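One chain follows as structure tokens, the form deposited in one PDB entry.
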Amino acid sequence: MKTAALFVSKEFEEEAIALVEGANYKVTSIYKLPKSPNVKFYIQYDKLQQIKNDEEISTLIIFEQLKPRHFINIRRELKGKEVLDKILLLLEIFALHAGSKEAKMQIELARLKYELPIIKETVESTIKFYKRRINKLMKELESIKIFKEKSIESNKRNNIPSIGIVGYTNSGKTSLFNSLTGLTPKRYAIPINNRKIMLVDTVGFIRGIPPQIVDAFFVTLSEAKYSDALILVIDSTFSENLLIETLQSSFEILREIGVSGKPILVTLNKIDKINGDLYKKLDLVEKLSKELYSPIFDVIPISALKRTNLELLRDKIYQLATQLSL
């Protein structure tokens, strides 16, 4: 519920908002980055000050990658209030979604490795500790990896079919999970007809993921593979070219994280932003999906926001669930 001040470029503004709300922050104020970052505080001094003194702000979030000296300084000027850069932001998101100890360990590891430098710039006892913890985590992860190869695909069952909602950020993953579970988190079981179905708002596909935290991301996302079905959300407001990119990228990642032979209901979302190109885009998405993956359960136009084609969606989801109930 924490309130946040977002600093971002116009280019990635709608990107950051979606991600910040993903991280359970209320974006109370946004600020455009200044092109040339402050040598001390990265952002603007005056703007940093207003934030220092605005009691309505628990957290300062900067959708860029700050260097150690930036954190050091911004932290000084913001005693008590937390500052997140892009790395820490995504990491907080992963934490909100990671259920597996392995994924949790990847996140801890990366956070430690991200603090290590900030602390190293400047205590020895702390450094020594970070080192010892980083090593322990790697050994833990290393032994999990070994366990996996020396074990068989267990993959427990579930009382209720669980359907993970996947897709790029700002595609509408959350909006859809919300309208489907009539809320306003993470996992929720909903009754469609005489059958109950577990829904999961999954961690999305994420653009420009920094090297530091790719492992954390991959493992977090891979948890989706233990779903019975997946609803792939897609932003209909993309031009055909970008639309092709998204589809290509989506199924690339899905094959990457080991999704196979899993029914996928593709939803083309945001159709209330009508440009007159529905049919065109809908046929494009459907053809290309078929070409890239199987089994494609169905491809359907929707508006998570306006709830325009909700009944049919619930029908497809029901039919899908019924299909998986045996």
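Take the two forms, superpose them, and find the largest set of C-alpha atoms that agree within 1.5 Å; that set is the rigid core. Just count from 1 along the sequence shown to find any residue number.
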Between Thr184 and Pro185, count the deposited residues left without coordinates and pick a bin: none, 1 to 3, 4 to 9, 10 or more. 10 or more
Where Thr122 meets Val123 in the shown sequence, the number of deposited residues left unmodelled: 10 or more
Between 142-150 and 110-118, point out the one with the higher average CA B-factor as the PDB entry records it. 142-150
Look over 230-238 and 68-76 in the entry and identify the one with the greater average Cα temperature factor. 68-76
From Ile296, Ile57, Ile271, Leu284, can you pick the one with the highest C-alpha B factor in the entry? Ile57
Among the choices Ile257, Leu278, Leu265, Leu33, identify the one whose CA B-factor in the record is greatest. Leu33
Can you tell me which third, lowest, middle or highest, the CA B-factor of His97 falls into for its chain? lowest
Select lowest, middle or highest to describe the third in which the CA B-factor of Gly261 falls within its chain in this entry. middle
Using the temperature factors of the C-alpha atoms in this entry, rank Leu137 within its chain: lowest, middle or highest third. lowest
Should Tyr188 be placed in the lowest, middle or highest third of its chain by the C-alpha B factor in the entry? highest
Tell me, lowest, middle or highest third: where does the Cα B factor of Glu223 rank within its chain? lowest
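Keep in mind that the form deposited in another entry is missing from the display, and what follows is about it.
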Among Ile43, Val285, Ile264, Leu60, which is the residue that shifts its C-alpha 2 Å or more between the shown form and the other one, core superposed? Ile43
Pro34: CA shift of at least 2 Å between the shown form and the other one after core fit? yes
